[PDB]
2 protein chains.
Amino acid sequence: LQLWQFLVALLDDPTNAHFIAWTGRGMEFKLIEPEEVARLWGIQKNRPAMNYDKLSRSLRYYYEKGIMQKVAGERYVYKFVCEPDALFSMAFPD
Amino acid sequence: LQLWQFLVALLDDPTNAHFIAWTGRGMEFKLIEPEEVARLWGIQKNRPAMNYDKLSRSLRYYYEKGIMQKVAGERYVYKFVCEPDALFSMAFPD
DNA sequence: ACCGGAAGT
DNA sequence: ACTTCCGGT
DNA sequence: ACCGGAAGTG
DNA sequence: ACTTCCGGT
């Protein structure tokens with residue numbers, strides 16, 4: 001499982017909406033409890049020392065892959081990119 | 001490779017523009033020469049008797065998964081859906 | 001061309 | 001995760 | 001918080 | 001494709 005795959009898994013389950021949920025506008029999501037999310041992702045890839053400062057780095061790595069952008073001004077809020085280039089790197093991550 | 005991945009791959013190479021290309025209207029794409037795409041897709045799956053009548057069926061299958069929609073009235077034209085529901089189906093196809 | 005149910009891999 | 005068939009629109 | 005350039009990763 | 005570290009604004 002990749003990071004975005006795991007995030008979608010949490011975003012799709014309504015019982016996680018108290019620490020992570022879709023905003024409603026397009027493909028935009030917010031990390032209500034950023035450390036709660038980082039902890040679960042730490043359990044996933046078995047990285048017990050995983051924090052939000054390290055998880056946000058990978059989200060910033062998605063900027064170069066062009067599959068994510070930072071919603072400026074809104075804290076803990078990111079979004080997926082609606083472009084063919086985004087869907088390309090999505091299907092094939094080199 | 002899944003069908004939606006195979007299409008994007010062809011859609012990225014500009015030397016395929018005579019039988020498949022994006023339109024510019026967001027995530028909208030057109031299969032200019034359907035049977036040519038079905039031939040190349042039939043090769044991928046080692047099913048040589050593949051045609052557009054069966055490829056388009058899997059495209060209509062993608063409707064229920066929510067990752068695709070038909071641009072009505074526009075012949076050979078489909079599009080990708082930019083919504084959380086679709087993004088969930090790409091991360092978890094079953 | 002496009003649709004969508006049903007049976008199959 | 002599509003493939004195969006197909007009658008209706 | 002958010003950024004991102006560098007080195008290490010099984 | 002991240003993880004770790006951290007000195008940037």
# chains A, B, ... in the order shown; residues from 1 in each chain; ligands from 1

call {"tool": "interface_residues", "arguments": {"of": "chain B", "to": "chain A", "cutoff": "9 Å", "atoms": "only C-alpha atoms", "output": "list in words"}}
result
residues 4, 5, 6, 8, 9, 11, 12, 22, 26, 27, 81, 82, 83, 84, 85, 87, 88, 90, 91 and 92 of chain B

call {"tool": "residues_around", "arguments": {"residues": "residue 77 (chain B)", "least_positions_apart": "3", "cutoff": "12 Å", "atoms": "only C-alpha atoms (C1' of nucleotides)", "output": "list in words"}}
result
residues 19, 20, 21, 22, 23, 25, 27, 28, 29, 30, 31, 32, 33, 34, 56, 59, 68, 69, 70, 71, 72, 73, 74 and 80 of chain B; 1 and 2 of chain C

call {"tool": "residues_around", "arguments": {"residues": "region 1-7 of chain E", "least_positions_apart": "5", "cutoff": "10 Å", "atoms": "only C-alpha atoms (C1' of nucleotides)", "output": "PyMOL selection string"}}
result
(chain A and resi 53+56-57+60-61+70+72+75-76) or (chain F and resi 4-5+8-9)

call {"tool": "write_last_selection", "arguments": {"atoms": "N, CA, C and O atoms (P, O5', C5', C4', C3', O3' and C1' of nucleotides)", "output": "compact mmCIF listing (two decimals), in the first residue's frame"}}
result
# COMPACT_ATOMS: atom_id res chain seq x y z
N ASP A 53 5.30 15.47 10.77
CA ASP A 53 6.37 16.21 10.10
C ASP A 53 7.07 15.33 9.06
O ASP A 53 7.63 15.83 8.09
N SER A 56 4.09 14.54 6.19
CA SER A 56 3.83 15.70 5.34
C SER A 56 4.92 15.84 4.28
O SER A 56 4.70 16.45 3.24
N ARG A 57 6.09 15.27 4.56
CA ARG A 57 7.20 15.30 3.61
C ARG A 57 6.86 14.48 2.37
O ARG A 57 7.13 14.91 1.24
N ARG A 60 4.50 16.22 0.32
CA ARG A 60 5.22 17.23 -0.44
C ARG A 60 6.02 16.59 -1.57
O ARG A 60 6.40 17.26 -2.53
N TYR A 61 6.28 15.29 -1.44
CA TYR A 61 6.92 14.53 -2.51
C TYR A 61 5.93 14.31 -3.65
O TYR A 61 6.31 14.19 -4.81
N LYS A 70 -1.07 21.57 -2.19
CA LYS A 70 -1.43 22.10 -0.88
C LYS A 70 -2.46 23.21 -1.02
O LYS A 70 -2.23 24.20 -1.72
N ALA A 72 -3.64 26.28 -0.13
CA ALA A 72 -3.02 27.40 0.57
C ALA A 72 -4.01 28.13 1.48
O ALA A 72 -5.12 28.46 1.08
N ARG A 75 -5.23 25.10 6.91
CA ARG A 75 -4.33 24.22 7.66
C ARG A 75 -4.79 22.76 7.59
O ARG A 75 -5.99 22.48 7.65
N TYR A 76 -3.82 21.86 7.45
CA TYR A 76 -4.06 20.41 7.39
C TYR A 76 -4.91 20.00 6.19
O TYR A 76 -5.43 18.89 6.15
P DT F 4 11.07 6.79 9.76
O5' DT F 4 12.33 7.77 9.87
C5' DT F 4 13.63 7.29 9.60
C4' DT F 4 14.62 8.43 9.50
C3' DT F 4 14.48 9.51 10.57
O3' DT F 4 15.66 9.58 11.36
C1' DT F 4 14.78 10.45 8.41
P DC F 5 15.73 10.54 12.64
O5' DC F 5 16.26 11.93 12.04
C5' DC F 5 17.45 11.96 11.27
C4' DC F 5 17.75 13.37 10.78
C3' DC F 5 17.36 14.49 11.75
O3' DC F 5 18.48 15.33 12.00
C1' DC F 5 16.63 14.97 9.56
P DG F 8 19.30 28.07 8.33
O5' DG F 8 17.71 28.30 8.33
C5' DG F 8 17.14 29.35 7.56
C4' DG F 8 16.59 28.82 6.25
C3' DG F 8 15.35 29.55 5.73
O3' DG F 8 15.74 30.52 4.77
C1' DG F 8 14.91 27.22 5.94
P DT F 9 15.57 32.03 5.16
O5' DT F 9 14.02 32.30 4.95
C5' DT F 9 13.42 32.05 3.67
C4' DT F 9 11.92 32.21 3.77
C3' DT F 9 11.47 33.42 4.57
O3' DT F 9 11.43 34.54 3.67
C1' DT F 9 10.21 31.47 5.20

call {"tool": "select_by_dssp", "arguments": {"residues": "chain B", "states": "strand (DSSP E)", "output": "list in words"}}
result
residues 21, 22, 28, 29, 30, 68, 69, 70, 77, 78, 79 and 80 of chain B

call {"tool": "closest_atom_pairs", "arguments": {"of": "chain B", "to": "chain D", "cutoff": "8 Å", "atoms": "only C-alpha atoms (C1' of nucleotides)", "output": "CSV"}}
result
residue,atom,partner,partner_atom,distance
B:2,CA,D:1,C1',7.7
B:54,CA,D:3,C1',7.4
B:58,CA,D:2,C1',6.3
B:93,CA,D:1,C1',7.3
B:94,CA,D:1,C1',6.6

call {"tool": "write_last_selection", "arguments": {"atoms": "C-alpha atoms", "output": "compact mmCIF listing (two decimals), in the first residue's frame"}}
result
# COMPACT_ATOMS: atom_id res chain seq x y z
CA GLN B 2 -5.77 -2.48 -15.93
CA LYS B 54 -16.11 -5.58 -25.74
CA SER B 58 -15.53 -2.65 -19.69
CA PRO B 93 -10.30 -2.44 -7.67
CA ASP B 94 -12.53 -5.44 -6.91

call {"tool": "atom_distance", "arguments": {"atom1": "CA of residue 50 (chain A)", "atom2": "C1' of residue 8 (chain E)"}}
result
15.7 Å

call {"tool": "select_by_dssp", "arguments": {"residues": "chain B", "states": "helix (DSSP H, G or I)", "output": "NGL selection string"}}
result
:B and (3-12 or 14-16 or 34-44 or 52-65 or 84-91)

call {"tool": "atom_distance", "arguments": {"atom1": "CA of residue 35 (chain B)", "atom2": "CA of residue 51 (chain B)"}}
result
5.8 Å

call {"tool": "decode", "arguments": {"residues": "chain C", "atoms": "N, CA and C atoms (P, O5', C5', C4', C3', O3' and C1' of nucleotides)", "output": "CSV table (one decimal), in the first residue's frame"}}
result
chain,number,residue,atom,x,y,z
C,1,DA,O5',-19.4,3.6,-33.8
C,1,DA,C5',-20.8,3.6,-33.6
C,1,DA,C4',-21.3,4.5,-32.5
C,1,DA,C3',-20.6,4.3,-31.2
C,1,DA,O3',-20.7,5.5,-30.4
C,1,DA,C1',-22.9,3.5,-31.1
C,2,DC,P,-20.0,5.6,-28.9
C,2,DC,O5',-21.2,5.1,-27.9
C,2,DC,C5',-22.3,5.9,-27.7
C,2,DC,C4',-23.4,5.1,-26.9
C,2,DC,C3',-22.8,4.5,-25.6
C,2,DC,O3',-23.4,5.1,-24.5
C,2,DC,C1',-24.3,3.0,-26.8
C,3,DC,P,-23.1,4.6,-23.0
C,3,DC,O5',-24.3,3.5,-22.7
C,3,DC,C5',-25.6,3.9,-22.9
C,3,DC,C4',-26.6,2.7,-22.7
C,3,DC,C3',-26.3,1.9,-21.5
C,3,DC,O3',-27.2,2.3,-20.5
C,3,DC,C1',-26.8,0.5,-23.5
C,4,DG,P,-26.8,2.1,-18.9
C,4,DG,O5',-27.1,0.6,-18.6
C,4,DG,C5',-28.4,0.1,-18.8
C,4,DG,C4',-28.4,-1.4,-18.7
C,4,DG,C3',-27.7,-2.0,-17.5
C,4,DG,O3',-28.5,-3.1,-16.9
C,4,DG,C1',-26.9,-3.0,-19.4
C,5,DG,P,-28.4,-3.5,-15.4
C,5,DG,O5',-28.9,-5.0,-15.4
C,5,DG,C5',-30.1,-5.3,-16.0
C,5,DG,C4',-30.0,-6.7,-16.7
C,5,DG,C3',-29.5,-7.8,-15.8
C,5,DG,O3',-30.3,-9.0,-15.8
C,5,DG,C1',-28.2,-7.8,-17.8
C,6,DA,P,-30.3,-10.1,-14.7
C,6,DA,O5',-29.3,-11.2,-15.3
C,6,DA,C5',-29.6,-11.8,-16.6
C,6,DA,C4',-28.6,-12.7,-17.1
C,6,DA,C3',-27.9,-13.5,-16.0
C,6,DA,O3',-27.8,-14.9,-16.3
C,6,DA,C1',-26.3,-12.5,-17.3
C,7,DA,P,-27.7,-16.1,-15.2
C,7,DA,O5',-26.5,-17.0,-15.8
C,7,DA,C5',-26.4,-17.2,-17.2
C,7,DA,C4',-24.9,-17.3,-17.6
C,7,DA,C3',-24.0,-18.1,-16.6
C,7,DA,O3',-23.4,-19.2,-17.4
C,7,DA,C1',-23.0,-16.1,-17.2
C,8,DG,P,-22.4,-20.2,-16.6
C,8,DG,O5',-21.0,-19.7,-16.9
C,8,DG,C5',-20.6,-19.5,-18.2
C,8,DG,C4',-19.2,-18.8,-18.3
C,8,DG,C3',-18.2,-19.5,-17.4
C,8,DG,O3',-17.0,-19.9,-18.1
C,8,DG,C1',-18.1,-17.1,-17.2
C,9,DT,P,-15.9,-20.8,-17.4
C,9,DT,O5',-14.6,-19.9,-17.2
C,9,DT,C5',-14.0,-19.3,-18.4
C,9,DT,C4',-13.0,-18.3,-18.0
C,9,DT,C3',-11.8,-18.7,-17.0
C,9,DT,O3',-10.6,-18.3,-17.5
C,9,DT,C1',-12.9,-16.8,-16.2
